[PDB]
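Residue numbers (the UniProt record's numbering), protein chains in the order written: chain A, 1 to 127; chain B, 16 to 64, 70 to 181; chain C, 3 to 129; chain D, 26 to 409; chain E, 1 to 196; chain F, 2 to 181; chain G, 1 to 55, 73 to 143, 148 to 261.
We put the CB at the ideal spot given by N, CA and C, even for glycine.
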Amino acid sequence: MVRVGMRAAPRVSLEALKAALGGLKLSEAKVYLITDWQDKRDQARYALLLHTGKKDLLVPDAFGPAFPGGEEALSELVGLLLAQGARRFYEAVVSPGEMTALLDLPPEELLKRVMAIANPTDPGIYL
Amino acid sequence: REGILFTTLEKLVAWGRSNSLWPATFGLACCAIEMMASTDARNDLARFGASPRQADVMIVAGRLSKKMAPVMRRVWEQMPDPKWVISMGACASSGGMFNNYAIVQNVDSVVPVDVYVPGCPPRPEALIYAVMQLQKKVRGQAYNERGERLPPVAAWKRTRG
Amino acid sequence: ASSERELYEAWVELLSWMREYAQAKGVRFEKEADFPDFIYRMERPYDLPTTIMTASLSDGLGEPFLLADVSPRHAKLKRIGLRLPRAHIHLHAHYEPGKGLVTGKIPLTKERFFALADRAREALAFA
Amino acid sequence: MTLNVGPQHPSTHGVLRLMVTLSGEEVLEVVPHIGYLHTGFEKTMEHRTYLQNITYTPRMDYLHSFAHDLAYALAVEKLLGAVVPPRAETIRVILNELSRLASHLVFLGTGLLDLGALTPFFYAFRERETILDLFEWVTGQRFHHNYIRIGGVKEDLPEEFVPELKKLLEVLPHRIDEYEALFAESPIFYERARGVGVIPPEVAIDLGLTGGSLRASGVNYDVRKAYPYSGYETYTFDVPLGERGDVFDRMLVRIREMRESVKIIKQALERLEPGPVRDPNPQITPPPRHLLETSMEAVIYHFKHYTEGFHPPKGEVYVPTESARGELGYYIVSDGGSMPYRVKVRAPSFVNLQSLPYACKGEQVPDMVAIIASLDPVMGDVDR
Amino acid sequence: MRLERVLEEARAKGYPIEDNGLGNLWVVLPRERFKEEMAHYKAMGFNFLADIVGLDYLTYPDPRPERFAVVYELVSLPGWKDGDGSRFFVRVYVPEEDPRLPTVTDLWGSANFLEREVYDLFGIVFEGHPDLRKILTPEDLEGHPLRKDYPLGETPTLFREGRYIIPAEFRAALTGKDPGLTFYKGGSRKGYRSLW
Amino acid sequence: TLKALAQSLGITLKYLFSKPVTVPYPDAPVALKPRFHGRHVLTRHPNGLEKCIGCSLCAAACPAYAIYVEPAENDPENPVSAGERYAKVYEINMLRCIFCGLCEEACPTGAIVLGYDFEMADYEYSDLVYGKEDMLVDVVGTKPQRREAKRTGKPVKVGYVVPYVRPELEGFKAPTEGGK
Amino acid sequence: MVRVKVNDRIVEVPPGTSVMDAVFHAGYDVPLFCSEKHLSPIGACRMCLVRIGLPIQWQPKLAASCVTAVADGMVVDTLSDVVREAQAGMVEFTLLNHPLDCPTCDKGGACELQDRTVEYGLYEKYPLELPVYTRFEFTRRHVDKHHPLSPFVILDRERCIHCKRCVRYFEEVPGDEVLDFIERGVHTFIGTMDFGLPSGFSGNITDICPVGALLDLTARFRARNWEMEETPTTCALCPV
Ligand code: SF4
Ligand code: SF4
Ligand code: SF4
Ligand code: SF4
Ligand code: SF4
Ligand code: FES
């Protein structure tokens with residue numbers, strides 16, 4: 001597993017992600033959005049784990065309306081997953097306290113935890 | 016034209032719809048059997064369609085398994101447009117008493133929820149309260165705790181896509 | 003008998019006296035404990051005049067120089083006692099009908115109590 | 026034509042998915058696909074107190090829930106060696122059978138609707154409503170009632186339950202007959218159900234179809250009889266049977282079961298005198314609420330019981346019970362912890378289903394609906 | 001009477017016999033003799049195959065021979081030709097690094113779905129099966145959910161102002177290998193049984 | 002068996018001409034049994050002191066983990082409950098809640114006791130996590146009910162009636178029977 | 001090593017062993033209040049009481082397994098009807114004067130008293150007899166309650182079971198006798214004439230106390246023992 005990005009910094013993270021995906025076709029990939037708090041999307045923060053199936057990618061919590069210009073970044077993220085033909089979007093709910101510890105765990109463990117907790121989600125809510 | 020833009024005309028159609036609210040049930044667990052009670056007592060609702073095509077109101081009644089989610093997704097998408105979603109019971113609304121790998125911990129993930137109805141199962145009359153809610157919700161007669169008036173159709177608010 | 007009731011009423015009485023000596027000298031009074039048979043009494047009925055089981059007079063430092071308590075509503079051989087901390091001093095109040103509140107054969111008047119309390123404060127109270 | 030009967034539509038009941046391999050109007054083979062209701066109790070329950078689990082037990086077979094309640098309660102009591110009071114046992118047979126009448130009422134309501142027509146769902150619903158009102162009266166809940174306890178049952182029956190059970194016990198004989206009246210003399214239904222739905226006993230046995238859709242094909246096995254538990258050992262008890270397993274016979278057998286159930290209700294109702302209601306062993310049973318205001322030991326045990334709960338011996342255990350869907354039972358592995366090490370639930374509805382590709386093989390298509398309703402599944406039990 | 005003929009047979013061939021005084025009885029056959037012996041079991045007159053119950057003993061306080069163990073429930077229906085009512089468990093332990101086991105599908109068609117479930121939830125593959133397809137867990141689910149090393153997968157329950165509960169950090173109840181909240185546990189909380 | 006078609010019709014006829022069955026909620030109030038499991042209520046002693054000593058044993062008892070209790074110390078001058086301890090926060094997520102009443106059953110002071118209300122359907126998730134001050138014995142209504150009754154100024158009528166209220170609910174006023 | 005047998009099992013165990021430890025070492029258990037890791041056993045709370053043999074030759078009266086040395090080829094009995102009866106008895110003596118605070122007590126989920134009581138207590142007398154928790158129907162000991170000993174430490178004198186753990190600790194481990202019992206008989210209680218609770222080590226007694234007599238004021242009334250997310254870590258405040 002690769003880890004790119006840094007916590008709480010939306011535009012740098014988006015530019016880096018755009019760099020890293022490339023001409024990879026995503027039709028068999030699974031997209032996991034890691035967040036705390038089910039109800040309130042307005043003050044939400046978002047981290048992302050992408051399981052391509054041939055390799056995995058982690059981004060910390062740099063996304064969402066929680067940070068300035070963050071909403072537009074999450075929206076373009078999901079739009080971009082959608083363009084490469086990613087379809088299967090999932091939402092994972094962690095304790096705020098977890099979020100820092102979760103991404104400091106080793107790749108395999110973090111990934112199994114994420115797939116265990118993740119809820120199938122409409123890509124449209126992040127647009 | 017979505018029921019809109021004459022003060023007389025939109026209100027007229029909006030009653031038309033609220034009182035017409037046409038449930039398309041999507042049974043899952045024991046909650047579905049608790050809605051089959053609702054079928055008895057009912058009086059703007061309980062004619063169906070049953071076929072999704074023909075109905076405005078989608079009632080999610082039961083635990084929605086993760087494997088089951090993409091299905092309910094298309095059923096909702098495969099509904100005509102002026103459409104509403106009621107979420108019935110704890111399992112649907114939140115993760116319920118089953119907090120785990122198996123089950124969607126809020127149905128609002130996959131389909132835009134209009135109205136939520138707690139209970140395990142909720143008494144049927146609560147679901148009447150919810151369709152009266154949604155009745156009076158699409159009349160644009162509905163408010164949250166923050167002071168805000170609530171929109172007739174949620175999923176007029178999500179980006180489709 | 004129903005002497006029980008007059009006892010609890012008299013217990014309320016003694017508490018009143020403690021509160022007074024407290025304000026008078028500018029020295030702290032404390033309500034220590036309420037009745038389990040009231041707290042944990044749930045729907046169950048409660049007729050007692052107060053809900054209070056244990057109390058004390060503390061000095062500046064909060065260390066008590068005088069202690070006072072009554073039996074729960076449901077206990078055998080009901081008594082109300084007094085104890086002087088550190089001094090090994092124990093007193094047992096009964097109630098004889100028509101006479102009043104007595105320690106054995108000796109009447110327990112308010113005055114007797116105030117004197118005992120002052121001796122207590124001056125001797126035992128640290129500040 | 027491999028026709029794809031979907032998950033929830035079109036009226037393939039209880040969220041099943043069916044690949045009817047079918048050219049024409051017959052049925053070649055249906056390739057069944059389940060798992061759409063999988064809630065994962067067997068894992069979740071490894072994370073709940075034995076008390077806490079009693080809230081998760083009714084929730085699988087939600088029609089006959091109390092059979093879950095009964096099976097689980099029993100297997101634990103056995104495992105920790107608890108002694109259930111007679112009046113509690115009697116009440117548990119009453120509730121079990123009443124919940125059975127509820128379940129059955131539902132099964133034939135849906136069955137008659139499923140192919141054939143609408144009307145009789147309603148009368149069954151009326152009697153079921155009287156039953157649910159009984160349950161609300163005693164447990165405060167319609168279903169998923171948190172009542173049964175490893176000792177016994179949560180609390181005693183109110184004044185008003187007895188009078189109301191009689192009312193329904195009065196109308197039901199006339200009532201069950203009225204449903205029977207329409208059915209046994211089946212107008213179209215006879216030419217609709219008599220031929221369809223083939224069940225050889227040998228294959229029922231080969232594929233393991235236990236659940237009262239078994240006796241409709243002429244094998245005589247009832248858990249209340251074969252392996253008696255809660256004192257069914259002591260009742261005047263008729264087990265209805267079928268001749269050659271079709272749709273029709275299954276369908277009537279359960280109706281007979283309803284009057285016999287009612288006869289068990291009356292019988293048990295006769296034998297009921299005042300007393301206590303759960304095993305007083307404090308290890309097993311939380312203290313009386315009144316003395317929480319007096320005893321030290323009470324408070325300690327209250328606090329402890331409702332937080333940690335209790336630890337049964339290290340051991341594995343299982344007890345068989347009869348639901349309106351067949352053999353039910355809890356396989357409980359305890360590690361001596363406050364929560365079960367593992368609970369595998371023997372799901373009658375799950376084994377019963379291996380015989381549907383068999384059952385509806387060669388049958389009609391309109392009938393392929395009826396032949397499903399006739400098998401009486403509950404998916405909460407299946408997926409689970 | 002058919003049960004006695006099983007136990008008497010197991011004692012001679014050196015098969016261990018488990019018994020709890022609750023009235024439940026096991027017979028553990030080795031891996032080798034399993035397929036054939038059980039073929040003999042259906043042949044022995046065993047009508048009905050009730051269960052296949054998979055067990056993951058990873059977190060069980062005492063050790064057992066191998067990590068996973070499967071239990072079949074064999075019976076002869078009491079209302080049939082000549083039914084005893086003889087029912088009993090046959091247990092077969094299975095290696096962690098070798099989740100193999102022959103199906104009895106040939107024998108009972110009961111073996112069909114149940115063995116598939118035990119494949120889905122635990123990694124155990126059943127030989128000779130008509131179709132081992134994943135049964136229960138979502139199509140794209142990775143792994144085998146009910147085996148102990150696999151997360152129950154809880155989500156926090158949610159309240160008002162930054163307030164959460166993490167169930168697994170909330171749990172009052174202890175498991176078997178749990179210490180408890182004092183220096184140790186003795187007595188009833190190391191396991192208890194009343195004596196009738 | 003031709004006769005059946007006929008008799009089938011006959012019984013239905015009998016039933017048509019028999020008029021009665023059903024209750025038209027909310028226009029006719031639903032009858033509930035006295036032990037029914039409704040909206041959680043916190044109860045008070047005669048003194049007015051709250052039964053809740055804030056021990057969060059309701060929460061530990063909870064299989065859905067839907068009860069959050071932040072605890073607190075009583076003020077000698079002006080007390081809340083009968084011990085030295087009471088409940089600073091009591092939240093219940095109705096959406097998380099399964100409605101066992103293991104909370105009530107665990108409750109040592111008879112503080113937490115499930116009520117009678119069912120008309121709680123509401124539009125927003127977080128409006129559905131009830132707090133203490135929505136649950137006390139004095140309160141009449143559910144959240145959307147009360148909110149409608151303020152935005153209208155038209156008082157709350159619950160859609161239920163009971164023969165009487167349980168001993169454990171003591172203080173909880175409800176529309177009963179013809180007791181009124 | 002000295003060869004000991006506890007109940008159904010045998011153990012190697014070095015000579016100066018406490019019988020209690022040889023017990024637990026065999027994987028058994030026995031009530032434990034006064035004795036503490038790193039503290040002098042003194043058979044005080046008398047909870048740890050077991051049986052000892054030395055040849073079948075049973076000793077007349079029970080050994081406190083905490084204060085009994087182990088001898089070569091010695092037997093130790095912890096599950097006998099008579100032992101469990103005695104254990105239950107000492108527990109009942111301890112519970113005899115106690116306050117009734119569990120719901121409202123900060124010692125909450127993890128109380129050596131609570132857990133020992135629920136483990137060993139109420140021995141099985143011989148049916149569904151309706152039995153009594155409590156024999157004693159008289160008035161309990163009532164003293165000073167909720168008394169701050171220092172900005173960091175709170176005292177309930179009612180809860181104290183008069184094990185020696187806190188005073189013992191103060192004299193033995195830090196070496197500041199800022200705590201000791203006062204009067205005698207049942208009247209005995211913890212107090213201090215050194216008011217601050219001066220020692221910079223004072224807060225450990227909060228951990229040691231088998232009950233909630235001594236509690237940690239900085240964390241008073243915050244959450245119940247189970248309810249905390251507990252993060253094991255190491256303290257970076259100094260080099261140790
Ligand atoms: S909320 Fe309760 S009644 Fe509804 S599906 Fe879930 S368990 Fe069944
Ligand atoms: S009723 Fe049950 S789920 Fe609801 S708060 Fe009480 S214990 Fe928890
Ligand atoms: S409601 Fe009852 S159980 Fe819950 S904290 Fe209050 S007193 Fe304790
Ligand atoms: S010291 Fe222990 S037994 Fe006593 S009130 Fe506190 S928790 Fe309960
Ligand atoms: S205060 Fe606690 S540690 Fe000290 S003697 Fe009393 S019970 Fe033992
Ligand atoms: S533990 Fe040995 S006497 Fe206290």
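Out of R46/G, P260/G, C122/G and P55/G, the CA that lies nearest to the CA of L238/G is found in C122/G. What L170/B touches in chain F, judged by beta-carbon distance under 7 Å, is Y124, going in chain order. If you draw a straight line from the Cα of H330/D to the Cα of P307/D, it is about 9 Å long. Contacts between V93/A and chain B, judged by CB atoms closer than 7 Å, involve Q125 in chain order. If you draw a straight line from the Cα of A65/F to the Cα of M117/B, it is about 4 Å long. Checking the 7 Å criterion, the Cβ of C181/G is out of range of every heavy atom belonging to ligand 6. Interface residue (Cβ-Cβ distance to chain G less than 8 Å): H96/C is not classified as such. For the region 110-131 of chain E, the beta-carbon criterion of a distance under 9 Å to any beta-carbon of chain B is satisfied by none of its residues. Around the beta carbon of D123/F, a 10 Å sphere encloses 16 or more other beta carbons of the protein chains shown; the residue is thus reported as buried. Taken through DSSP and simplified to helix, strand or coil, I135/E comes out as coil. At a cut-off of 8 Å, the C-beta of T235/D has no neighbouring C-beta in chain C. Those residues having their beta-carbon less than 6 Å away from any non-hydrogen atom of ligand 3 are, in chain order, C53/F, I54/F, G55/F, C56/F, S57/F, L58/F, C59/F, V70/F, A88/F, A107/F, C108/F, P109/F, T110/F, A112/F, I113/F and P120/G. Counting along the chain, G354/D sits inside the beta strand (DSSP E) bounded by residues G351 to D360.
Excluding five sequence positions before and after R189/E, none of the CB atoms of its chain fall closer than 6 Å to its own CB. For ligand 6, a non-hydrogen atom lies closer than 7 Å to the CB of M47/G. Interface flag for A89/B against chain A is set, since a Cβ pair is found closer than 8 Å.
As summarised for the region 4-51 of chain G, the continuous beta strand (DSSP E) elements at least 3 residues long and confined to that stretch are 9-13, given in chain order.
Not one heavy atom of ligand 4 falls within 7 Å of the beta-carbon of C34/G.
Here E78/F is exposed. Its C-beta has fewer than 16 other C-beta atoms within 10 Å. Distance between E189/D and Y366/D, taken at the CA atoms: about 41 Å. Residue environment: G196/G is assigned as exposed (fewer than 16 neighbouring CB atoms within 10 Å of its CB, all protein chains considered). Between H336/D and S363/D, the beta carbon gap of about 6 Å places them in contact (Cβ cut-off 8 Å). At a C-beta separation below 7 Å, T175/E has no neighbours in chain F, since its nearest C-beta there lies roughly 16 Å away. When secondary structure is reduced to three states using DSSP, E74/F falls in the strand class. With contacts defined by Cβ atoms closer than 8 Å, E85/F and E74/F form a contacting pair.
The C-beta of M1/A comes no closer than 8 Å to any C-beta of chain E.
With its beta carbon less than 8 Å from one in chain F, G165/D belongs to the interface.
For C184/G, the shortest separation between its Cβ and any heavy atom of ligand 6 lies below 7 Å. Within the chosen limit of 7 Å, ligand 5 reaches the beta carbon of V188/G through at least one heavy atom. Between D36/A and chain F, the shortest Cβ-Cβ separation is not below 8 Å.
For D36/C, the neighbours in chain F by C-beta distance under 7 Å run, in chain order, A83 and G84. If the five residues before and after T46/D are omitted, its C-beta is found closer than 6 Å to the C-beta atoms of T27, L53 and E54, all from its own chain and listed in chain order.
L114/E and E67/D have their alpha carbons spaced roughly 15 Å apart. When Cβ-Cβ separations below 8 Å define contact, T177/F makes no contact with chain C.
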